[PDB]
Undergrad: 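Pasting a structure here, questions to come.
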Amino acid sequence: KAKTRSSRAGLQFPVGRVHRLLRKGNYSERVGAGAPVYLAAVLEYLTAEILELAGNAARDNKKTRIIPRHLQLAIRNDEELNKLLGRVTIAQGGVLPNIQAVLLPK
Amino acid sequence: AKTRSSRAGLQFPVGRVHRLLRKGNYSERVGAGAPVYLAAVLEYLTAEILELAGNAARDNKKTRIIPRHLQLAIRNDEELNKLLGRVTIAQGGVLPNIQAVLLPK
Amino acid sequence: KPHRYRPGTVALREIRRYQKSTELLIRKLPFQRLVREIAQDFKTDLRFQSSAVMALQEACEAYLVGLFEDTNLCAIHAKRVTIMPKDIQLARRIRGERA
Amino acid sequence: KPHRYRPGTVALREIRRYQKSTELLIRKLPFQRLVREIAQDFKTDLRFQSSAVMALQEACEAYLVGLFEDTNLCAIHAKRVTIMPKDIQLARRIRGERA
Amino acid sequence: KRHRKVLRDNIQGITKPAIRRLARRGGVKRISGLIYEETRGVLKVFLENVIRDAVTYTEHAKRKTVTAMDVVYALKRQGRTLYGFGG
Amino acid sequence: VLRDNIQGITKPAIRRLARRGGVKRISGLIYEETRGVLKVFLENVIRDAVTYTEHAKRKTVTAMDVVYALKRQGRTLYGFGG
Amino acid sequence: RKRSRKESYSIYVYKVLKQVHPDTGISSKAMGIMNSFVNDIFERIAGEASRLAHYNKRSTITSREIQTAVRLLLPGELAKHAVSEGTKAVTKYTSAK
Amino acid sequence: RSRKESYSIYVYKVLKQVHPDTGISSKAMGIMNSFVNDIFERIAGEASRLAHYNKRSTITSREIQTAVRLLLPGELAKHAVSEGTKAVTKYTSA
DNA sequence: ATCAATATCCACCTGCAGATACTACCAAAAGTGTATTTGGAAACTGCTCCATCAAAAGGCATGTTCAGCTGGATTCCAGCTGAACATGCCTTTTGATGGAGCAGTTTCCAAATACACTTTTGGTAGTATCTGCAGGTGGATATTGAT
DNA sequence: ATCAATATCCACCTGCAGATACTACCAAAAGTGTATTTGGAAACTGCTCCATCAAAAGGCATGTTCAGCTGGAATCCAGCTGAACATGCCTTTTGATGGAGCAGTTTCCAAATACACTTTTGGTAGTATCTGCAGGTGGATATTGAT
Ligand SMILES: [Mn+2]
Ligand SMILES: [Mn+2]
Ligand SMILES: [Mn+2]
Ligand SMILES: [Mn+2]
Ligand SMILES: [Mn+2]
Ligand SMILES: [Mn+2]
Ligand SMILES: [Mn+2]
Ligand SMILES: [Mn+2]
Ligand SMILES: [Mn+2]
Ligand SMILES: [Mn+2]
Ligand SMILES: [Mn+2]
Ligand SMILES: [Mn+2]
Ligand SMILES: [Mn+2]
Ligand SMILES: [Mn+2]
């Protein structure tokens, strides 16, 4: 019986595929065994972080299904995800509700 | 033995460009034409800047190109400035430029 | 006696409406013609995947919305509520799109 | 009466003077002092190549000069000739360095 | 044998109400009359630059069809990375 | 006299920088605003530089560490290697 | 003729979703976004690790290159946790076989 | 002690060809080195992505050309392509 | 218009930091020649999906009227920031001097690659069937604006 | 404050697009095992260049005064621009057809990698000669600002 390198690492994300993509990508001559494991963990962790916040945005909007709008809400409302993805456009994500105070009536 | 640079009519080192390409992890393979083409493009771009920087040296009554002359050459050239738009030249300073509204009278 | 909302009330209602939704605001077919006309001037006899045109429209609208945001800040900076061509130009200069 | 230049006359003179030259405009040692202090917060007992410090001062001064240009445009946009924090903040916001 | 009609002046297909709506999403409350032509000019430059790069990718791959990936790659190198249409 | 290091970046030096930036008239609050902006810049750049230093297992920040850091921040610098 | 296989991270994204929000689904377009995200961050990290190894005349990308790449790329807390999750995964991996 | 390569002597060669009686300071030579290295990286990097996008394992002159068109402004690109094609042509015949 | 006070420019000069021309030394690197491998261009063609078709209709663009209130011009003045001057404080120079540590060299093994074989899996593919929620209606609540 | 016109809300529901489910199939992917190669860590160490030291020298930062002039506040008003309405066009939607061309599979050789060997070159290190121009001087004169 064989164990996937993912299960060996305790990960959901595919360690094997990530290893292949690293070799196939011309990043370096050699790729250590620890590299795809570490990378797969980071990618999985970030995926979890975004899906957590997006799931909340969906709940906040009385929805059970995450759509691009929820992903955008989760990203732009989180300071660090917003910084990481500051040069990224989420298709069909729209923008945050934000009206400059001076534009309000009084 | 005749160097590939000579064989290509270039001052820039074709053999070195090739080695740098291979060891740079840009691809598994490198065609023989690629380092020739790339070395030529680099030589041409180098010639273009040195021409303009040389002129700038003349304009300032100097015979030796210094960083300031390179800055003047690039920023006064629409295309070189765009190419090097996110680049700072050390000890280059800036172009003389005063907004009209700040002038007296 | 016919009811009129004051100048600016409907504008604010429209801001809230469109900041809440995600649909494209430029009509589909006119944008497609613009893309084809522009591409045609660069290279004749091109074809487009439908998702290619949609990708362009998503990018163009997100670019213009973001630009209008910066433009708005430039107008407010000048103690105005009305965006003007010089606001757009200032925003693009500082962005490094004309500098 | 003893001689006295009108306000702004000498300022314009300084602009022409410093836009002509390329020498660094912050004193070397206070800058070197600042660099080491900040670096100490990331890793203790660091040493610096002399060229490393100089590379930082060139990059930092070129950055501030460029920022001051954009800041100047923002001030002029609001029909002022005096730059304010308001102007720096707007320039950095639109640049994408914040908000 | 037959070709489609000539394509011209399609930038005017970017109507004033379409530009107003975009400004609204951008948080704009009041719009000067000259904004609409300024915006069209700005959009055309943006579109030209992206399409030019996309078509360059297309030609390099010896294709006659511009793909979504051609555009995505074009957007990425112009520093306008786009999620949701491919790789 | 007791003196903070960021205050070592003096008003006249900031003034000269503004002058090269084509600035004619300067508000009093500019100098503290500038020092804060300066500090964030150095922090971002030096942090990345030191990170290159640590990875190379060195105790000396090189010019190349700085140059690599600046390239990451989109502030590419010519003249110091690379 | 069979159309060649188009690989994605969908089934893995989905697993993590259920770990995180068991009663929440995700549309195909949103999954499309997530796929773009993972691919993007992959290339960024891999790219930074590549330069890193080249600067230090190393021909091997190890977990140490990945880690420094993650610290350079991610801001504050995201980096802290990513590094921790990454280290934990490697120590567990090597402690087997 | 080990050796450190630069483009200095090639930059100097190109200088004497365009401005025979013009010198260049060491600082200015440093800038030129940074320039050549930068453009090399940009073009090589772009050609790399091109090859990858098209499931290619070889970077040829064709990839270098498309990369040049993508990276250089109009006229600089036109002349660069021309210079590049010229050098590969003469290298083929020589 | 005049006229005094500084700033600014041009011509010339000289010391020297930095450029240069030289000879010799050499490890690496580039060229050459031969054998071997293989990427990807050709050719052929299955089949996705792109361009084009029609036809019906209502969502939305266009154009106009009307006047609310915004932008721009004008004035005015308190006070903020520039100019100038008098101090004196600490940046700068540079030169010597330990010595930290970068970096070159040697050793050698944990870990990487190559490879052959076995097994597991994620990706269509074809149908088949739930299900979240878009969008419709209707009626109660809230907002805006006139008075 | 009252009230009326209209937007906004939210419960309720229904059709269905798209999500979920299942089986079947399998090519590529992933894992195992054995043998072979080697990247780079470790230890030692020489030499570069960094930190620090003294110690004037003075250039430049700091504190103060004074007032010119800018920023901001207030006032006015022409006319730009938003809101609303009538009209009807062209985008949207739905569905179908032909075929352009993208893409999948197979054959095949020009070109690339892989070695082994020879020859060239660029970086180097002292070593000595040379020179472009920074910086200083004087005196012409241009600019600025007072009358
Ligand atoms: Mn045309
Ligand atoms: Mn093959
Ligand atoms: Mn009126
Ligand atoms: Mn007003
Ligand atoms: Mn030691
Ligand atoms: Mn399965
Ligand atoms: Mn609804
Ligand atoms: Mn070895
Ligand atoms: Mn007064
Ligand atoms: Mn004023
Ligand atoms: Mn009509
Ligand atoms: Mn055909
Ligand atoms: Mn030689
Ligand atoms: Mn001089």
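For the numbers below, each heavy atom of this structure counts, side chains included, while hydrogens, waters and symmetry mates do not. Chain identifiers are assigned alphabetically (A, B, ...) following the order of the sequence lines, protein sequences preceding nucleic acid strands; residue numbering begins at 1 within each chain.
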Undergrad: Select from H:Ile9 and C:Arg13 the residue whose nearest nucleotide in DNA chain J is closer to the 5' end of that strand.
TA: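 Closer to the 5' end of DNA chain J: C:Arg13.
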Undergrad: Taking the same atom, P, in J:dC85 and in I:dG145, what whole-Å distance lies between them?
TA: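 Those two atoms are separated by 15 Å.
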Undergrad: Give C:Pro30 one of three labels, base, sugar-phosphate or nothing, depending on what nucleic acid heavy atoms sit under 4.0 Å from its own.
TA: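 Sugar-phosphate, no base atom in range.
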Undergrad: If only side-chain N and O atoms count, and only distance matters, is there a donor-acceptor pair under 3.5 Å linking A:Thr4 with A:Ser6?
TA: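 Side-chain D/A pair, A:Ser6 to A:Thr4: absent.
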Undergrad: What nucleotide, of J:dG104, I:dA30, J:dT70, holds the atom closest to the side chain of G:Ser4?
TA: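 The nucleotide sitting nearest to the side chain is J:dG104.
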Undergrad: Rounded to whole Å, how long is the line connecting atom CD of D:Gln32 with atom P of I:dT92?
TA: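 Spelled out: CD on D:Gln32 to P on I:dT92 is 10 Å.
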Undergrad: Does the J:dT92 base have a donor-acceptor partner in the side chain of C:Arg27 within less than 3.5 Å?
TA: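 Answer is no: no donor-acceptor pair is held.
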Undergrad: Look at the side chain of E:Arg30 and decide which nucleotide, out of J:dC80, J:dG122, I:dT91, has an atom nearest to it.
TA: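 Side chain of E:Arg30 sits closest to J:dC80.
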Undergrad: Want to settle it: does F:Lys11 or C:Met84 sit nearer the 5' end of DNA chain I, counting the closest nucleotide to each?
TA: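 Comparing both residues, the 5'-ward one is C:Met84.
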Undergrad: Which stems does DNA chain I form, counting runs of 3 or more consecutive Watson-Crick or G-U wobble pairs with both distances under 3.5 Å?
TA: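 Detected stem regions: I:1-14 with J:134-147, I:19-23 with J:125-129, I:27-39 with J:109-121, I:41-44 with J:104-107, I:46-58 with J:90-102, I:60-88 with J:60-88, I:90-92 with J:56-58, I:97-102 with J:46-51, I:104-106 with J:42-44, I:108-115 with J:33-40, I:118-121 with J:27-30, I:124-129 with J:19-24, I:132-134 with J:14-16, I:136-143 with J:5-12, I:145-147 with J:1-3.
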Undergrad: Check whether the side chains of B:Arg58 and H:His19 place a donor and an acceptor atom closer than 3.5 Å, and report yes or no.
TA: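 There is no such pair (donor and acceptor under 3.5 Å, judged by atom type) between the side chains of B:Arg58 and H:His19.
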Undergrad: Under a 3.5 Å cutoff, is there a donor and acceptor pairing between the side chains of D:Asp87 and D:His77?
TA: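 No donor-acceptor contact under 3.5 Å links the two side chains.
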Undergrad: Looking only at side chains, do G:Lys6 and G:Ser4 share a donor and an acceptor under 3.5 Å apart?
TA: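 Side-chain D/A pair, G:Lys6 to G:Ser4: present.
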Undergrad: Verify whether one side chain among G:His54 and B:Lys23 offers a donor that lies under 3.5 Å from an acceptor in the other.
TA: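 Judged by distance alone, the side chains do pair up.
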Undergrad: State which of J:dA7, I:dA30, I:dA125 makes the closest approach to the side chain of B:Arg19.
TA: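 Minimum distance to the B:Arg19 side chain belongs to I:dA30.
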Undergrad: All N/O contacts under 3.5 Å from nucleotides 110-114 of chain J to the protein, with atom names and distances to one decimal?
TA:
unit_1: J:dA112; atom_1: OP1; unit_2: B:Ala32; atom_2: N; d: 2.9
unit_1: J:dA112; atom_1: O4'; unit_2: B:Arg29; atom_2: NH1; d: 3.3
unit_1: J:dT113; atom_1: OP1; unit_2: B:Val30; atom_2: N; d: 2.9

Undergrad: Quick one: does B:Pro35's side chain get under 4.5 Å of B:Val30's, heavy atoms only?
TA: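 With C-beta onward as the side chain, the pair touches.
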Undergrad: Just how far, in rounded Å, is P of I:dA4 from NE2 of D:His3?
TA: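 For the pair D:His3 NE2 and I:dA4 P, the rounded distance is 15 Å.
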Undergrad: Looking at A:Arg30 and G:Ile61, would you say the former's side chain and the latter's main chain have a donor-acceptor pair under 3.5 Å?
TA: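 Answer holds: no.
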Undergrad: Of the nucleotides I:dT62, J:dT6, I:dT81, which has the atom closest to the E:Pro17 side chain?
TA: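 The answer is I:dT62.
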Undergrad: Nearest to the side chain of D:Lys86, heavy atoms from C-beta on, is which of J:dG72, I:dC69, J:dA7?
TA: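 Shortest atom-to-atom distance from the side chain points to J:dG72.
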Undergrad: In whole Å, I'd like the distance from the CD1 atom of H:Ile24 to the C1' atom of J:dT131.
TA: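 Checked: the CD1 to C1' distance equals 17 Å.
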Undergrad: Which way does the sugar of I:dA1 pucker, north or south, judged by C1'-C2'-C3'-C4'?
TA: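 Because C1'-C2'-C3'-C4' is positive here, the pucker of I:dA1 counts as north.
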Undergrad: If you assign each of A:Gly16 and D:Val81 to its closest nucleotide in DNA chain J, which residue comes earlier from the 5' end?
TA: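 Residue closer to the 5' terminus by nearest nucleotide: A:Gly16.
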Undergrad: Do F:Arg15 and D:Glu14 meet the salt-bridge criterion of a basic N to acidic O distance under 4.0 Å?
TA: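 Between F:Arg15 and D:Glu14 there is a salt bridge, with a charged N closer than 4.0 Å to a carboxylate O.
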Undergrad: Considering only I:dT91, J:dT144, I:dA30, which nucleotide approaches the side chain of H:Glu5 most closely?
TA: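 So the nucleotide nearest the side chain must be I:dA30.
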Undergrad: Which of parallel (below 30°), tilted (30 to 60°) and perpendicular (above 60°) describes B:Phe12 and H:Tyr10?
TA: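 Ring orientation of B:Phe12 relative to H:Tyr10: tilted.
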Undergrad: Of all the choices, I:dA83, I:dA125, J:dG101, which nucleotide is nearest to the side chain of D:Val10 once you look at every atom?
TA: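 The answer is I:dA83.
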Undergrad: Taking atom P in both I:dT36 and I:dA112, compute the distance separating them and give it to the nearest angstrom.
TA: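 Going atom to atom, P in each nucleotide, I get 33 Å.
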Undergrad: Where the side chain of B:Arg16 is defined as all heavy atoms beyond and including C-beta, which of I:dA30, I:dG39, J:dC133 is the nearest nucleotide?
TA: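 Selected nucleotide (nearest to the side chain): I:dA30.
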Undergrad: Which of these nucleotides, J:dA146, J:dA51, J:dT62, is closest to any side-chain atom of D:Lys1?
TA: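 Looking only at side-chain atoms, D:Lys1 lies closest to J:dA146.
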Undergrad: By sign alone, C1'-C2'-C3'-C4' of I:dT94 puts its sugar north or south?
TA: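 South, since the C1'-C2'-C3'-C4' torsion of I:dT94 has a negative sign.
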Undergrad: Is there a donor-acceptor contact under 3.5 Å from the side chain of G:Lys15 to the main chain of A:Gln12?
TA: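 Not confirmed, G:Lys15 side chain does not pair with A:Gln12 backbone.
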Undergrad: What's the closest nucleotide to the G:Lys97 side chain, out of J:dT70, J:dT32, I:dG123?
TA: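 Minimum distance to the G:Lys97 side chain belongs to J:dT32.
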Undergrad: Check whether the side chain of C:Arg4 and the base of J:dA83 form a donor-acceptor pair under 3.5 Å.
TA: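 Pair found.
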Undergrad: CD1 of A:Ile67 versus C1' of I:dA134: gap in Å, rounded?
TA: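 Answer to the nearest Å: 11 Å.
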